[PDB]
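Peer 1: A single structure is presented below for examination.
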Amino acid sequence: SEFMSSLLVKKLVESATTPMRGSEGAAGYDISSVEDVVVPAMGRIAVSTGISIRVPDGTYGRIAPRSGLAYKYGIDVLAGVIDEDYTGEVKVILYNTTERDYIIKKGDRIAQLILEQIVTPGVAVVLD
Amino acid sequence: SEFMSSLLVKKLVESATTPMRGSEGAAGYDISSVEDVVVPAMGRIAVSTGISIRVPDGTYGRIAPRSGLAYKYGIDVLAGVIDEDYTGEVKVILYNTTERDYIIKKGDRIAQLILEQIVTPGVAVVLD
Amino acid sequence: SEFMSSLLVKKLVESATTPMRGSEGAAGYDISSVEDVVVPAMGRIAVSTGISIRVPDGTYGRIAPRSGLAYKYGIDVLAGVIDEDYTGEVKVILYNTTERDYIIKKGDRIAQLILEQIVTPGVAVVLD
Ligand SMILES: O=c1ccn([C@H]2C[C@H](O)[C@@H](COP(=O)(O)OP(=O)(O)O)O2)c(=O)[nH]1
Ligand SMILES: O=c1ccn([C@H]2C[C@H](O)[C@@H](COP(=O)(O)OP(=O)(O)O)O2)c(=O)[nH]1
Ligand SMILES: O=c1ccn([C@H]2C[C@H](O)[C@@H](COP(=O)(O)OP(=O)(O)O)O2)c(=O)[nH]1
Ligand SMILES: [Mg+2]
């Protein structure tokens with residue numbers, strides 16, 4: 001591959017932001033919003049990222065929560081499992097744990113992508 | 001092993017469903033319920049899967065949320081860490097984020113199993 | 001490395017507990033509290049662990065929920081992503097899903113650390 005076994009990103013909207021790690025030791029690639037939305041108090045919402053992704057073979061893309069938002073605004077990430085064979089747009093489902101709404105302006109880093117190494121064997125069913 | 005390093009599944013109840021990936025690129029193996037239960041609004045519940053599993057060495061089984069259920073019914077997965085040395089029955093703890101109960105009929109895919117590769121070294125305690 | 005590619009732990013407070021797996025097949029290293037705190041009903045809180053950690057290269061440290069606490073007290077773990085380049089103190093953000101507060105005495109195992117293998121390639125942006 002030379003290195004086509006990396007994170008293939010395709011911006012769908014011009015407004016989109018290329019995912020990027022914020023440190024040499026960072027685990028995930030920052031993931032920003034492409035729209036202005038409000039995560040309802042005690043409610044959820046799916047934020048468009050405006051990008052599609054192709055995870056490296058042997059891994060899946062887990063949308064994990066950013067420490068900041070979790071801490072300060074009790075924001076959590078629901079679902080978050082992006083299959084290697086997913087060609088659609090990455091949507092980020094946020095859940096407001098707090099009693100007060102949460103504002104999201106375009107461009108904001110609303111989550112982070114982690115390329116988690118998984119194993120995808122077959123199922124050996126044990127009879128007796 | 002030839003391939004005994006795959007997902008060993010043992011149905012405990014005849015009603016059980018063998019976990020299975022739904023795509024070539026899917027990350028997890030579908031996980032169905034073996035009973036009819038209701039996930040209480042704003043409450044949780046542990047759904048029996050009726051199966052026991054033996055994860056491949058070098059990984060653990062993370063019970064992750066299905067995108068659909070998360071999106072449409074604000075259903076989330078609590079706990080979800082199945083150790084390689086777990087011989088009991090896989091129980092799936094679902095949490096209803098919504099204001100309205102959620103019905104689960106036997107056979108339904110209530111979560112997905114992901115064989116996540118972990119490293120299990122020893123702890124090197126740094127003194128001074 | 002010989003084996004300096006293991007979980008490097010540095011107790012910050014004498015009161016701290018060295019993370020440790022509770023089984024040969026356990027996926028995570030137990031993580032205890034270093035203080036007496038209360039996880040507010042329907043609220044969150046960041047529990048100090050009194051330790052700093054250096055994850056092995058090629059992985060990140062995911063703070064996962066303990067099955068017990070999740071089941072019995074509807075306790076969940078928010079955020080939970082500790083980067084390999086994190087030199088600060090591991091803080092554990094717990095979220096009380098239940099209607100009743102949750103007490104945490106010093107020494108208690110409040111979560112578990114899982115050294116999850118990730119891949120950290122570069123981003124190949126697909127133009128046209
Ligand atoms: O539950 C958690 C989650 C994260 N961290 C630490 C690990 C990581 O190295 C650091 C990340 O801070 P940040 O990512 O630089 O700020 P942000 O999450 O807003 O990007 O916080 C914790 O101690 N506990
Ligand atoms: O937060 C999420 C979770 C999943 N997906 C995408 C990735 C995956 O490829 C697809 C999965 O749809 P599905 O699994 O086929 O439907 P279901 O989750 O009900 O099995 O949804 C997102 O965009 N955002
Ligand atoms: O959603 C879950 C989470 C865990 N387990 C199983 C897998 C694991 O092998 C066992 C762990 O029990 P424990 O870790 O020994 O008790 P505790 O979580 O309090 O440490 O529970 C489940 O069946 N379902
Ligand atoms: Mg939650």
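Letters for chains follow the order of the structure tokens (A, B, ...), residue numbers begin at 1 for each chain, and ligand numbers begin at 1 in the order shown.
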If the cut-off is 9 Å, can you tell me the residues of chain A near chain B, counting only C-alpha atoms? I'd like them as a ChimeraX atom specification.

Peer 2: /A:42-46,57,59-61,78-86,93,95,116-128

Peer 1: Could you write out, as a PyMOL selection string, all the residues of chain B that DSSP marks as helix (DSSP H, G or I)?

Peer 2: chain B and resi 67-73

Peer 1: Quick one: residues within 6 Å of residue 38 in chain C, only C-alpha atoms, excluding same-chain residues fewer than 5 positions away - as JSON, numbers by chain?

Peer 2: {"C": [102, 103, 104]}

Peer 1: Give me, please, the distance in Å between CA of residue 32 in chain C and CA of residue 17 in chain C, quoted to one decimal.

Peer 2: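 Separating CA of residue 32 in chain C from CA of residue 17 in chain C is a distance of 6.3 Å.
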
Peer 1: Report, in Å to a single decimal, how far apart atom 11 (C, counted along the ligand's line) of ligand 1 and CA of residue 14 in chain C are.

Peer 2: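 Here the two named atoms are 23.9 Å from each other.
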
Peer 1: To one decimal in Å, tell me the separation between CA of residue 33 in chain A and CA of residue 105 in chain A.

Peer 2: 7.4 Å

Peer 1: Please, which residues of range 38-104 of chain B, numbered as in this document, come out strand (DSSP E) from DSSP, as an NGL selection string?

Peer 2: :B and (38-39 or 44-48 or 51-54 or 59-64 or 75-77 or 81-82 or 91-96 or 102-104)

Peer 1: Could you list, as a ChimeraX atom specification, every residue within 6 Å of residue 34 in chain C, counting only C-alpha atoms and ignoring same-chain residues fewer than 5 positions away?

Peer 2: /C:16,49-50,106-107

Peer 1: Keeping only N, CA and C atoms, write the selected residues as a compact mmCIF listing (two decimals), in the first residue's frame.

Peer 2:
```txt
# COMPACT_ATOMS: atom_id res chain seq x y z
N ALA C 16 -2.74 6.43 46.64
CA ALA C 16 -3.00 5.76 45.36
C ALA C 16 -2.81 4.25 45.36
N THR C 49 -7.74 9.75 40.63
CA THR C 49 -7.21 8.40 40.83
C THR C 49 -5.88 8.49 41.58
N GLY C 50 -5.32 9.70 41.59
CA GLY C 50 -4.06 9.92 42.28
C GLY C 50 -2.87 9.30 41.59
N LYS C 106 -12.70 6.14 49.57
CA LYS C 106 -11.34 6.02 49.07
C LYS C 106 -11.06 4.54 48.89
N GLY C 107 -10.14 4.21 47.99
CA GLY C 107 -9.80 2.82 47.77
C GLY C 107 -10.69 2.01 46.84
```
